Amino acid sequence: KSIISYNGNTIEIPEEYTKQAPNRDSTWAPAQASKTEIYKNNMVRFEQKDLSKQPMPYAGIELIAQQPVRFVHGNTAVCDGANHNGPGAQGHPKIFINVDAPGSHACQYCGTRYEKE
Amino acid sequence: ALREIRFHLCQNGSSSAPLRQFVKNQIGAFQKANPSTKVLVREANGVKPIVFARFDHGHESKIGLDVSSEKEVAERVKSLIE
Amino acid sequence: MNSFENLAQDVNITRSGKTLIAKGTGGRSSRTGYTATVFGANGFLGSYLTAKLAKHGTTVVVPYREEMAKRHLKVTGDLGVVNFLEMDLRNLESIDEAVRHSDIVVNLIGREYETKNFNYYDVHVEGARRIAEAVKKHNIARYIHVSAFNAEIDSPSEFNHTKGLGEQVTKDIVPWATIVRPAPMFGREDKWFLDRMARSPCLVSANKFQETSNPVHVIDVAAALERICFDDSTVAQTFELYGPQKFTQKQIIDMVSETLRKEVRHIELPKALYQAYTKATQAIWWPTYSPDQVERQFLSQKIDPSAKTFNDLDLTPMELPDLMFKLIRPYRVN
Amino acid sequence: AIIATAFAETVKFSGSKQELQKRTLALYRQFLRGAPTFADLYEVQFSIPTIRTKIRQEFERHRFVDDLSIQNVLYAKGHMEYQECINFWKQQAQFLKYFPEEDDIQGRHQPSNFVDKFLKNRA
Amino acid sequence: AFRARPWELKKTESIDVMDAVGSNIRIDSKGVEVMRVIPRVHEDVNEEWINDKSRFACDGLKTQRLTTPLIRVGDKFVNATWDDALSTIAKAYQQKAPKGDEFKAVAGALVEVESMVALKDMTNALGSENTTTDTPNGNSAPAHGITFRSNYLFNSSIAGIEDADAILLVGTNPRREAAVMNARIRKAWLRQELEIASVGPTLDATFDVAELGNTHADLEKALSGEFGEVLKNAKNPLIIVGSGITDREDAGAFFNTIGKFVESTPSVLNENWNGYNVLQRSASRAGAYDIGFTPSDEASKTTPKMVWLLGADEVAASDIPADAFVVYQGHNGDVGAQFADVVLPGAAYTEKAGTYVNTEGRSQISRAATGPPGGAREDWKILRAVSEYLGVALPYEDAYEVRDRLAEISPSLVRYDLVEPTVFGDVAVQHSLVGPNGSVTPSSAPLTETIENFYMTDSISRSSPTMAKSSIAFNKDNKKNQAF
Amino acid sequence: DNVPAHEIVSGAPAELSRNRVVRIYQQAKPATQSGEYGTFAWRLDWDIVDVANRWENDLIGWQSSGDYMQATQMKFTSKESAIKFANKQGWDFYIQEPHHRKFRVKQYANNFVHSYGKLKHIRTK
Ligand SMILES: NC(=O)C1=CN([C@@H]2O[C@H](COP(=O)(O)OP(=O)(O)OC[C@H]3O[C@@H](n4cnc5c(N)ncnc54)[C@H](OP(=O)(O)O)[C@@H]3O)[C@@H](O)[C@H]2O)C=CC1
Ligand SMILES: [Zn+2]
């Protein structure tokens, strides 16, 4: 809401625009600059500007975290993320994931989680 | 000197032989003569025998020790110390 | 390699406790770390000041009124150096937005005639009061306020009277402001000076062209302003920027005629008649010689005895006789 | 055919230094003579004596060059420059490159000793 | 992981400063930050390996950095300009009015030779001889002396370990002080017969060692005993003395015993083989001793009114008088900067082209990968400018003049990548180790480990999250690191 | 020996030959790869300048530079050729002599040498 600036003055920002994404509040990588810091450092270029128009795409980390775990019979789960509807190669390179360890194991390309059952 | 003396000399050089002798023989005598001065012997192949003395407030002086005899080395050093 | 000629050192601390670290050699792609708001930046002096500021990459916030008048200022700085803000003196929030993020605020807002919306008081005293209130409320580190030479409270001229009142209200509101009083400024496309003498149908004086002032080059005023901006020892001081030697209006017109190889027409009129004429022409929409300008045509430059000058900024003004040919070249005809 | 242009001199490397100094002095005289033409062409603020001073400095800079081939090259480049100036091929922008001093003072701080250079990270 | 790709990395060949071995490394950086450190071959120093600290402490160079001058005001630091800082130092100097040895100078484990030279010259021009090192007992001169290089160096080269037939380790744990050299000793031990014995704390070694005891008396017994006989018979023996012994008060007794044994046995010290070896742990100790960065006798008695820390992050609360005015000059925020009244930012080893002298006495030159962050500056430039503010202006303001002054101090600093043996091997031992150490009384305190934690020993290493994680991950009492 | 300033016919800035230092060397065998194809040429590149190397733009976060040689690197066939070129241009240089692997004889059979005493370590394959 209220971010103090380097000047010592106050910058007011609506709560909705301090969230890193519409669906996630906090950063998801150590080097990632938070919205609070972005405004604190660029407030000159944000004056008289409408924040509701800025891009704000959805944070994919949570979207992949909402996808259910796929259970597989054997020791290896094969994933290629293909699009079975369209032609051509539209997935990611086909890799094989070992699931002998306990818990879910994520595809390295797409994040889809597999588990041996 | 009052505070620091530095000896520069080649290891294999012929022009350094009186220097090597002066060090090897009277380095102890020189140290005991000047118990507060700090004495450094530093060697390298291409360098010509030189001595450096540091008296006070950073003032330094140097003389070349391209010399014939260990004696003559000693009086060159003494003439620097004065 | 380039060099930050305006900066004394690399790390800087504003009076407000901001740590500013200059990055780069000092060229276009570099950044001094300072941020400055220049009120009236699209004018005659503001353009030079903005060019000098953005040359070294200090962020310049330019409050403007007309979109088309400010376009040339964008060329002077790298991407994101020159930022434009819509502003009006009757919209307080706009002023607050303009000064909020700056370490330096300089205002050059002054008008030499009156308008249907802003009389001398409204533009020089209440405008300065609002700007200085925004400065004081946001605790801006440095505030520079430019007035005119001969600014005195009880002046005959409404221009000088309102200027003196503006200085007083600025000092009352922000005790640490710096007050500058430049002499008549000349230079390329100046206002009510050389260019007027070069292409006027006739110059009409009510006082025999006898008035004396020390004209000063606009580049020099801008450079002095920059120096005042970046040294913190000029806080709460008053500066009287004026040229080397004193000239009479007739002398300048004679110099212009000699350099122009063409005779400038001078006609002397009674003061009452020329007043009535100027008051009449004040009815058209484009700027024209003021009644109060001709009132000021009876005031000669008065230099404060105790005021810092160009010398205290280690500067040496150029000579008006030297620039003449460079400054009026397109009208020689030859 | 393709004929040479105004003030064009065929490239010739002088075999002897003296025959080169003859050409060098001729070129210097040409530059001094052309100074007023340069002042008219390029609408310069400064004076003809300053043009001539600049030319003298330029010729001075190579007064102690010994090897003959380097002198030949310097003379050829100097002539190419003269032809560039005198034919108004150059514009005012490139011409004023030659004249960095007559621009105004760039700023308050041009460091000279180690402490001022150090403060600006240029030590 | 995942932070860059090889084609976008600028590769710079430089020198590691985590230990005193002087490993040659390649610094891969993009833009303003350093990505990784990988080894480059130097068959006479580290072969093709570097230890984990040198490799992974790079991440401490992009955090806790010093970027602007700081001035203590009350109980808090406040940012300040270079002029304001340096003028504050000048005013503290005029107010304190130090006479002679009241201006103390301390050098830390990481600093370069040029910075030490600047600091020593300035301190001398102030009339002080109180140029100390940072180690414990560093207020006093070292017991092994400074006059001859072979008194404080690895006289057998690091390559000398390849020829060894017997080695005695005195109060040293090479696995921690010099990891690559430990690997070297291990390889020698695997491929030929070789006898290793040690005196000092029980050390986990990668090679079989014989423990002769933790005490000076145990050293007397050994050198008069079976292992002394082994050394006498050996063809290439070498005695390794840890720098941790030099830091003891009784260092004289150890150096005396060792010097007597050496001056007796010809195999240990003849004209073809010098078996006497001091193993420094800090990259800067060898250079410091080389330039005589050693306090005078009368200096150790005085109580300083002004202290100047160059690096100097091993300092304690005790070694600083309360009334002292402390200047800190470094690259990271650590305890030393916490102690200071004025802090000055200086460049780190990846950001300047300095000279480092390793245990061998080899002088090596580094190369700057990036420029210092923020408003940080090159250290010798800092010293030159502050000296100008102190009115004792140093006679050099250019890197070539700096190298000239270095040549003046010693001719072996300017000869890079060169080792030359001492012609004064026999003179040095008698004149420095056995001569002046007669009076020293050996203590009954056992020898202890020199460094408690291998992973965090410097400012950089204590500023690294990776070393912090590694230290707590690789602790002995953790089953992940046990086997049984 | 070294070409002074102002008789270089290249037209480069004087600062290049006055206050810049180049370094000549051979690239080291990368530790990450066994290939040695890049290690034979003699590179020449410029030591960095403190103030002008690289800073971070305050808009899109890019690496700004004022050093016009930060990306330049010449290749030469031999050390003497690089020296001659640098001298002919008037550049101060430093030579970094290369380091090579010291030869040692390696036998596969050495992995199975009989040990008469206690085993120093269990080789494992
Ligand atoms: N030029 C001279 O000879 C002298 C000038 N001065 C002072 O120098 C300063 C500028 O000189 P100069 O640059 O020649 O003046 P200009 O008229 O050239 O520029 C003045 C600025 O004032 C702005 N301005 C005027 N009134 C208002 C207002 N009501 N609301 C917002 N902005 C306004 C103008 O903006 P817009 O373009 O939007 O109207 C313009 O940018 C002025 O303060 C002037 O008094 C003092 C002594 C001598
Ligand atoms: Zn997948």
# chains A, B, ... in the order shown; residues from 1 in each chain; ligands from 1
>>> residues_around(residues="segment 53-67 of chain F", least_positions_apart="3", cutoff="8 Å", atoms="only C-alpha atoms", output="ChimeraX atom specification")
/A:42 /C:1,23-25,29,80 /E:31-32,370-371 /F:48-50,70
>>> write_last_selection(atoms="C-alpha atoms", output="PDB file, in the first residue's frame")
ATOM      1  CA  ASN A  42      10.679   3.289 -11.208  1.00  0.00           C
TER       2      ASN A  42
ATOM      3  CA  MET C   1      36.214   8.826 -22.585  1.00  0.00           C
ATOM      4  CA  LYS C  23      27.354   5.124 -13.053  1.00  0.00           C
ATOM      5  CA  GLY C  24      29.348   5.283 -16.250  1.00  0.00           C
ATOM      6  CA  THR C  25      31.832   7.661 -17.775  1.00  0.00           C
ATOM      7  CA  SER C  29      24.184   6.183 -21.584  1.00  0.00           C
ATOM      8  CA  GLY C  80      13.889   7.131 -19.999  1.00  0.00           C
TER       9      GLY C  80
ATOM     10  CA  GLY E  31      28.454  -8.203 -17.244  1.00  0.00           C
ATOM     11  CA  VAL E  32      28.930  -6.937 -13.707  1.00  0.00           C
ATOM     12  CA  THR E 370      34.929  -6.912 -13.479  1.00  0.00           C
ATOM     13  CA  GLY E 371      34.995  -3.437 -12.017  1.00  0.00           C
TER      14      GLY E 371
ATOM     15  CA  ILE F  48      39.534  -3.590 -18.279  1.00  0.00           C
ATOM     16  CA  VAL F  49      39.087   0.013 -17.150  1.00  0.00           C
ATOM     17  CA  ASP F  50      37.502   0.500 -13.749  1.00  0.00           C
ATOM     18  CA  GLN F  70      35.747  -4.719 -24.150  1.00  0.00           C
TER      19      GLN F  70
END
>>> residues_around(residues="segment 80-91 of chain D", least_positions_apart="6", cutoff="8 Å", atoms="only C-alpha atoms", output="PyMOL selection string")
chain D and resi 6-8+31+34+37-38+41-42
>>> interface_residues(of="chain C", to="chain E", cutoff="7 Å", atoms="only C-alpha atoms", output="PyMOL selection string")
chain C and resi 10-13+19+21
>>> write_last_selection(atoms="N, CA and C atoms", output="PDB file, in the first residue's frame")
ATOM      1  N   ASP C  10      32.020  10.994  -7.093  1.00  0.00           N
ATOM      2  CA  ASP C  10      31.244   9.878  -7.615  1.00  0.00           C
ATOM      3  C   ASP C  10      30.046   9.553  -6.735  1.00  0.00           C
ATOM      4  N   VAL C  11      30.267   9.380  -5.440  1.00  0.00           N
ATOM      5  CA  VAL C  11      29.184   9.154  -4.493  1.00  0.00           C
ATOM      6  C   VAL C  11      28.698  10.503  -3.988  1.00  0.00           C
ATOM      7  N   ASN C  12      27.384  10.675  -3.933  1.00  0.00           N
ATOM      8  CA  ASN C  12      26.787  11.913  -3.463  1.00  0.00           C
ATOM      9  C   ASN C  12      25.677  11.618  -2.477  1.00  0.00           C
ATOM     10  N   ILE C  13      25.517  12.517  -1.514  1.00  0.00           N
ATOM     11  CA  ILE C  13      24.467  12.432  -0.512  1.00  0.00           C
ATOM     12  C   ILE C  13      23.645  13.704  -0.591  1.00  0.00           C
ATOM     13  N   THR C  19      21.378   8.387  -1.104  1.00  0.00           N
ATOM     14  CA  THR C  19      22.715   8.067  -1.576  1.00  0.00           C
ATOM     15  C   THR C  19      22.667   7.925  -3.088  1.00  0.00           C
ATOM     16  N   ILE C  21      24.821   7.322  -6.547  1.00  0.00           N
ATOM     17  CA  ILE C  21      26.061   6.785  -7.078  1.00  0.00           C
ATOM     18  C   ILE C  21      26.015   6.941  -8.585  1.00  0.00           C
TER      19      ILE C  21
END
>>> atom_distance(atom1="atom CA of residue 75 of chain E", atom2="atom CA of residue 337 of chain E")
13.2 Å
>>> residues_around(residues="residue 418 of chain E", least_positions_apart="4", cutoff="12 Å", atoms="only C-alpha atoms", output="list in words")
residues 43, 44 and 45 of chain B; 44, 45, 157, 357, 358, 360, 361, 362, 363, 364, 365, 411, 412, 413 and 414 of chain E; 97 of chain F
>>> write_last_selection(atoms="C-alpha atoms", output="mmCIF file, in the first residue's frame")
data_model
loop_
_atom_site.group_PDB
_atom_site.id
_atom_site.type_symbol
_atom_site.label_atom_id
_atom_site.label_comp_id
_atom_site.auth_asym_id
_atom_site.auth_seq_id
_atom_site.Cartn_x
_atom_site.Cartn_y
_atom_site.Cartn_z
ATOM 1 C CA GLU B 43 67.501 -12.163 -4.088
ATOM 2 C CA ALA B 44 66.737 -12.328 -7.815
ATOM 3 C CA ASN B 45 68.660 -13.326 -10.908
ATOM 4 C CA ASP E 44 53.764 -26.708 -10.166
ATOM 5 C CA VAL E 45 51.028 -25.329 -7.907
ATOM 6 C CA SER E 157 58.772 -26.171 -3.789
ATOM 7 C CA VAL E 357 52.870 -14.324 -3.170
ATOM 8 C CA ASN E 358 52.058 -17.903 -2.225
ATOM 9 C CA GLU E 360 56.377 -21.137 -2.334
ATOM 10 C CA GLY E 361 57.455 -17.531 -2.517
ATOM 11 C CA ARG E 362 56.233 -17.564 -6.112
ATOM 12 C CA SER E 363 54.964 -14.151 -7.171
ATOM 13 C CA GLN E 364 51.833 -14.278 -9.310
ATOM 14 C CA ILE E 365 49.801 -11.611 -11.082
ATOM 15 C CA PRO E 411 63.161 -7.683 -6.981
ATOM 16 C CA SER E 412 61.227 -10.957 -6.744
ATOM 17 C CA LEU E 413 57.812 -9.289 -6.673
ATOM 18 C CA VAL E 414 58.207 -8.149 -10.277
ATOM 19 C CA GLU F 97 53.558 -17.680 -20.468
#
>>> interface_residues(of="chain E", to="chain D", cutoff="8 Å", atoms="only C-alpha atoms", output="PDB file with N, CA and C atoms, in the first residue's frame")
ATOM      1  N   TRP E  82      32.981  10.347  -0.565  1.00  0.00           N
ATOM      2  CA  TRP E  82      34.404  10.059  -0.424  1.00  0.00           C
ATOM      3  C   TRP E  82      35.132  11.223   0.223  1.00  0.00           C
ATOM      4  N   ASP E  83      34.833  12.443  -0.218  1.00  0.00           N
ATOM      5  CA  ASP E  83      35.455  13.614   0.382  1.00  0.00           C
ATOM      6  C   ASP E  83      35.107  13.717   1.858  1.00  0.00           C
ATOM      7  N   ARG E 377      36.560   1.480  -4.654  1.00  0.00           N
ATOM      8  CA  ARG E 377      37.763   1.959  -5.313  1.00  0.00           C
ATOM      9  C   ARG E 377      38.894   0.954  -5.156  1.00  0.00           C
ATOM     10  N   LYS E 381      44.949   3.137  -4.607  1.00  0.00           N
ATOM     11  CA  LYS E 381      44.472   4.487  -4.891  1.00  0.00           C
ATOM     12  C   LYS E 381      43.844   5.117  -3.659  1.00  0.00           C
ATOM     13  N   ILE E 382      43.066   4.340  -2.902  1.00  0.00           N
ATOM     14  CA  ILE E 382      42.488   4.851  -1.661  1.00  0.00           C
ATOM     15  C   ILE E 382      43.591   5.344  -0.739  1.00  0.00           C
ATOM     16  N   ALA E 385      45.241   8.613  -1.965  1.00  0.00           N
ATOM     17  CA  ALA E 385      44.416   9.800  -1.757  1.00  0.00           C
ATOM     18  C   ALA E 385      44.348  10.190  -0.285  1.00  0.00           C
ATOM     19  N   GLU E 388      47.451  11.890   0.707  1.00  0.00           N
ATOM     20  CA  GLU E 388      47.433  13.291   0.313  1.00  0.00           C
ATOM     21  C   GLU E 388      46.626  14.129   1.296  1.00  0.00           C
ATOM     22  N   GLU E 397      51.415   7.686  -8.327  1.00  0.00           N
ATOM     23  CA  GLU E 397      50.002   7.855  -8.646  1.00  0.00           C
ATOM     24  C   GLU E 397      49.671   7.188  -9.973  1.00  0.00           C
TER      25      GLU E 397
END
>>> residues_near_ligand(ligand="ligand 1", cutoff="6 Å", atoms="only C-alpha atoms and all ligand atoms", output="number ranges by chain")
C: 40-46, 65, 89, 108-111, 118, 123, 146-149, 182-185, 191
>>> write_last_selection(atoms="C-alpha atoms", output="short mmCIF file (atom, residue, chain, number, x, y, z; two decimals), in the first residue's frame")
data_model
loop_
_atom_site.label_atom_id
_atom_site.label_comp_id
_atom_site.auth_asym_id
_atom_site.auth_seq_id
_atom_site.Cartn_x
_atom_site.Cartn_y
_atom_site.Cartn_z
CA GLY C 40 8.89 25.98 -17.37
CA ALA C 41 11.36 23.69 -19.10
CA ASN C 42 10.04 24.27 -22.63
CA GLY C 43 10.87 27.98 -22.55
CA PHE C 44 13.91 29.95 -23.63
CA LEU C 45 16.09 29.23 -20.60
CA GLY C 46 14.47 25.96 -19.60
CA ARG C 65 1.13 22.50 -20.70
CA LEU C 89 -0.86 25.75 -11.71
CA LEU C 108 11.48 29.15 -14.35
CA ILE C 109 7.77 29.94 -14.57
CA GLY C 110 7.44 33.64 -15.30
CA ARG C 111 5.47 35.63 -17.81
CA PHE C 118 -3.01 34.66 -15.06
CA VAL C 123 1.79 33.77 -12.10
CA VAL C 146 14.54 32.11 -10.60
CA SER C 147 13.31 35.70 -10.45
CA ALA C 148 14.23 38.75 -12.52
CA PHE C 149 16.88 41.39 -12.00
CA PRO C 182 19.63 36.95 -14.06
CA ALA C 183 20.08 40.11 -16.10
CA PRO C 184 18.47 40.46 -19.55
CA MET C 185 19.37 37.24 -21.35
CA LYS C 191 12.61 36.97 -26.11
#
>>> residues_near_ligand(ligand="ligand 2", cutoff="7 Å", atoms="only C-alpha atoms and all ligand atoms", output="PyMOL selection string")
chain A and resi 79-81+92+107-112
>>> interface_residues(of="chain C", to="chain D", cutoff="12 Å", atoms="only C-alpha atoms", output="ChimeraX atom specification")
/C:1-12,21-26,32,52-53,55-56,217,219-220,222-231,312-318,322-330
>>> select_by_dssp(residues="segment 48-268 of chain E", states="strand (DSSP E or B)", output="ChimeraX atom specification")
/E:65,70-73,76-79,103-107,131-133,148,154,166-170,195-199,210-211,237-242
>>> closest_atom_pairs(of="chain F", to="chain D", cutoff="7 Å", atoms="only C-alpha atoms", output="tab-separated table")
residue	atom	partner	partner_atom	distance
F:6	CA	D:62	CA	6.7
F:7	CA	D:65	CA	6.5
F:51	CA	D:121	CA	6.1
>>> closest_atom_pairs(of="chain A", to="chain C", cutoff="7 Å", atoms="only C-alpha atoms", output="Markdown table")
| residue | atom | partner | partner_atom | distance |
| --- | --- | --- | --- | --- |
| A:6 | CA | C:18 | CA | 5.9 |
| A:7 | CA | C:18 | CA | 6.3 |
| A:9 | CA | C:138 | CA | 6.4 |
| A:44 | CA | C:101 | CA | 6.6 |
